[PDB]
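First the structure, in the form of C-alpha cells, and then the observations on it.
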Amino acid sequence: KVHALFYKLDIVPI
Amino acid sequence: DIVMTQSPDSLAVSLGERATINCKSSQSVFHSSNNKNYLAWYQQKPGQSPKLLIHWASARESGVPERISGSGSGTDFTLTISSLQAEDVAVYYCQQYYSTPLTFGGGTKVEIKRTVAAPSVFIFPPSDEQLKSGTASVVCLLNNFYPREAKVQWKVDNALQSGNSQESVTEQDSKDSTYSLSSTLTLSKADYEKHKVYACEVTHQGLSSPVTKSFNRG
Amino acid sequence: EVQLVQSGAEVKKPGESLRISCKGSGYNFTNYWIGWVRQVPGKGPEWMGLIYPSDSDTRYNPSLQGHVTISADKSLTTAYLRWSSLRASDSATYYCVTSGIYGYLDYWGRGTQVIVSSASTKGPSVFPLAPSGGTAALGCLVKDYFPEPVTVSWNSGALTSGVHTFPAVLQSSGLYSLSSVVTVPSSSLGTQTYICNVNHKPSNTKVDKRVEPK
C-alpha cells in the first residue's frame with residue numbers, strides 16, 4: 001500500500 | 001484544500017537559545033499504513049533560494065546539523081533550533097505533500113534577539129529641486145533601533161496625517177542586529193506651501209516618551 | 001552535483017506572453033519530476049506544477065486554472081513555464097524545483113524574478129536629504145523610476161560605515177521610490193564632502209548628487 005502523489009515505476013532517485 | 005498555518009510570523013531568539021516554530025495542517029497528513037507524516041520543512045536564507053531541511057516531519061536531509069530537529073504528528077508539528085547561530089537567520093516554511101495540490105505555510109522569519117535600542121530620529125524637508133517638480137516628499141528616519149515594532153505618525157500644523165505616507169524597513173543589521181526605518185510623507189507643492197510646521201512623531205519601547213522631530217518651512 | 005540554472009529576470013506588460021526556463025544538470029533529467037513554485041511577498045509559497053519529462057505527464061495546481069502551461073525538452077534537459085496572457089497578479093519570483101515520487105522539493109533553483117506592469121522605463125530623480133549634536137544624518141531620495149533595480153553608493157564606495165539603503169517601495173503611480181542614508185559625525189559636515197552615486201542601468205541613468213547642509 002504505497003501512497004505517493006507522484007509515483008512512477010521508472011523514477012531514478014538522483 | 002489542505003491549509004498550512006505557521007506561528008509566529010516572526011520569532012526573535014537570542015544567540016545560543018532555542019527557536020521553536022509551529023505548523024498546523026487543517027487536515028491530518030498522517031498515513032496509518034506507513035506510519036509517516038507527509039510534512040517537509042524548508043529554510044530560505046536572506047537573498048537565497050529555499051533549502052529542504054526535513055521530510056517525513058523529522059528526517060533531516062544530509063548536511064543538516066543535529067541541532068535542527070522536526071517533531072509532531074497528525075496535524076501539529078514543530079521545528080526546533082536548539083542553539084541558534086547567526087547563520088540560522090532565515091524564513092522557515094512547512095509544506096504538506098499528503099494531498100494535491102501541495103501547499104505551504106505562510107513562513108516564520110527567525111531573527112536575532114538583542115537588548116532594546118532606542119531609535120535616533122531625523123527629519124528632512126523637501127529639496128528646492130523637487131519643489132520645482134510639483135511634489136514634496138518629507139522624510140523621517142528612525143536609525144539603529146530594536147525591536148522592529150515602532151509607531152511613526154505625521155503631523156502638519158498639528159493635524160494628524162493618514163493615507164499619504166509609506167514606510168520602508170531594512171533587514172537586520174549584520175553587526176549590531178538593529179533595524180532602520182524610513183517614513184515618507186508625500187504632498188503636493190500646494191498643500192506643502194499652505195502649512196508651516198511639519199512633525200514626525202516616533203513611539204518606541206526604548207523611548208521614555210514619544211519623540212518629535214519637526215521643522216518650519218523656510 | 002545537482003544544478004538548476006534558471007533564466008534571467010523579466011519585465012513585461014499585462015496581456016503579453018512569457019516563457020521562462022530552467023535547465024537541470026547532474027542527474028537523470030528525464031526520469032525525475034521538475035516543476036515550479038511561485039513566491040509573492042504577502043503569503044507563503046504557492047506550488048504551480050510538476051512534469052515528468054520522460055512521458056510528459058504534467059500535474060497542475062487546480063488554482064492556476066489554465067493560466068500557465070509547463071513543458072520540457074529532454075534533449076536540452078530544460079523545463080519551461082509559459083504564460084500566454086500575463087496579468088499583474090503574475091508578478092512574483094519563480095523557483096524551479098525537483099521532486100521524487102512523494103512531492104517534497106529536494107532541489108531548488110536560484111529563482112527568476114518576473115515583473116508585470118503597465119509602467120514604462122523611466123530613470124530616477126535624485127534629491128538630497130540635507131542634514132540640519134554628535135551624530136548627523138544625510139541621504140539621497142531616489143524617486144520615480146522603473147523597473148528595479150537602482151544601486152546607490154557613497155563617495156564611490158569609500159564611505160560604507162553607517163550607510164543604510166532602504167528597499168524600494170512601489171508607489172501608487174507604478175514607479176518605484178527609495179532612500180539611502182548615512183550617519184556621520186556632526187563635526188564632519190563642514191569639512192568633508194558627501195556624494196551619493198545612483199545608477200539605474202535599465203535607463204542607463206547615472207547621477208552623482210552632492211549632499212550638503214542648507
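Below, all heavy atoms of this structure are taken into account, side chains as well, without hydrogens, waters or symmetry copies. Below, read A as the first sequence line, B as the second, and so on, with proteins coming before strands; counting in each chain starts at 1.
By the 6.0 Å contact criterion, NZ on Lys24(B) is enclosed, its count of non-hydrogen atoms from other residues, nucleotides or ligands being greater than 12. Heavy-atom neighbours of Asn158(B) CG from other residues, nucleotides or ligands within 6.0 Å: at or below the threshold of 12. Within a 6.0 Å radius of NZ in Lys122(C), more than 12 heavy atoms belonging to other residues, nucleotides or ligands are found. Counting heavy-atom neighbours within 6.0 Å of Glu201(B) CD, excluding the residue itself, gives a total above 12. Within 6.0 Å of the CZ atom in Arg19(C), the count of heavy atoms belonging to other residues, nucleotides or ligands does not exceed 12. More than 12 heavy atoms of other residues, nucleotides or ligands sit less than 6.0 Å from atom CZ of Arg217(B). Environment of NZ in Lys151(B): sparse, with no more than 12 heavy atoms of neighbouring residues, nucleotides or ligands closer than 6.0 Å. Applying the 6.0 Å contact sphere to CG of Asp9(B) captures no more than 12 heavy atoms from other residues, nucleotides or ligands.
Using the six-membered ring where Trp is involved, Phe29(C) and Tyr27(C) have ring planes that are tilted, between 30° and 60° apart. In this pair, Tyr179(B) and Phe145(B) present their aromatic rings tilted. The plane angle is within the 30 to 60° band. Aromatic ring orientation, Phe104(B) versus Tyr42(B): tilted (interplanar angle from 30° to 60°).
Between the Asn155(C) side chain and the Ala158(C) main chain, no donor and acceptor come within less than 3.5 Å of each other. A donor-acceptor pair under 3.5 Å links the side-chain atoms of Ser26(B) to the main chain of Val3(B), judged by distance alone. A donor-acceptor pair under 3.5 Å is absent between the side-chain atoms of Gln6(C) and the main chain of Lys23(C), judged by distance alone. The backbone N or O of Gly134(C) sits less than 3.5 Å from a side-chain atom of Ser186(C), completing a donor-acceptor pair. Judged purely by atom type and a 3.5 angstrom limit, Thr77(C) uses its side chain to pair as donor or acceptor with the backbone of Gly24(C). Under the 3.5 Å distance criterion, the side-chain polar atoms of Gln6(B) are left unmatched by any main-chain donor or acceptor of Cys23(B).
Atoms CG and OG, on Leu52(B) and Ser62(B) in that order, are 9.5 Å from each other to the nearest 0.5 Å. Here the CD1 atom belonging to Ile112(B) is positioned 11.5 Å from the OG atom belonging to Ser174(B), to the nearest 0.5 angstrom. How far OG of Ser137(B) is from CZ of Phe127(C): 8.0 Å, rounded to the nearest 0.5 Å. One distance of note links CD of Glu149(B) with OG1 of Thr203(B); it measures 10.0 Å at 0.5 Å rounding. Interatomic distance, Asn143(B) CG to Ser180(B) OG, rounded to the nearest 0.5 Å: 4.0 Å. Taking OH of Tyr104(C) as the start and OG of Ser99(C) as the end, the distance is 8.0 Å to the nearest 0.5 Å.
Using a 4.0 Å cut-off between a side-chain N of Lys or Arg and a carboxylate O of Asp or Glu, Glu87(B) and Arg67(B) qualify as a salt bridge. Ion pairing between a basic and an acidic side chain is recognised when a charged N comes within 4.0 Å of a carboxylate O; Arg210(C) and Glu212(C) show such pairing.
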* To do: Verify ring pair (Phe, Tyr, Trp, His ring centres under 6.0 Å) between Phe77(B) and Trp41(B), making sure each step is shown before the conclusion.
  => CA-CA 10 Å; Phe77(B) 306 88; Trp41(B) 287 96; 8.0 Å; no
* To do: Check the pair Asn144(B), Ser120(B) against side chain to side chain contact (heavy atoms under 4.5 Å, CB included), reporting the backbone distance first and the verdict last.
  => CA-CA 7 Å; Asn144(B) 297 344; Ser120(B) 295; over 6 Å; no
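If you run salt bridge (charged side-chain N to carboxylate O under 4.0 Å, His left out) between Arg148(B) and each of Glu171(B), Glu167(B), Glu111(B), only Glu111(B) comes through.
In this structure, a donor-acceptor pair under 3.5 Å is absent between the side chains of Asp88(B) and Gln43(B). There is a side-chain donor-acceptor pair under 3.5 Å between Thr103(B) and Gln96(B).
Counting only heavy atoms from C-beta outward, the side chains of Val91(B) and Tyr93(B) approach each other to under 4.5 Å. Within the 4.5 Å cutoff, the side chain of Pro131(C) has heavy atoms near those of the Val211(C) side chain.
Heavy atoms only, all atoms of each residue included: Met4(B) and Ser25(B) are closest at SD-CB, 3.6 Å. Contact detail for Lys189(B) and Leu131(B): the closest heavy-atom pair is CD-O, 3.1 Å.
Under the rule for a ring-ring contact (aromatic ring centres under 6.0 Å, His included), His164(C) has no partner lying at least two apart in sequence or in another chain.
Pairs of residues two or more places apart, or lying in two chains, that qualify as side chain to side chain donor-acceptor pair (under 3.5 Å) and include a residue from residues 195-206 of chain C are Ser153(C)-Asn197(C), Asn197(C)-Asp208(C), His200(C)-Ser203(C), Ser203(C)-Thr205(C).
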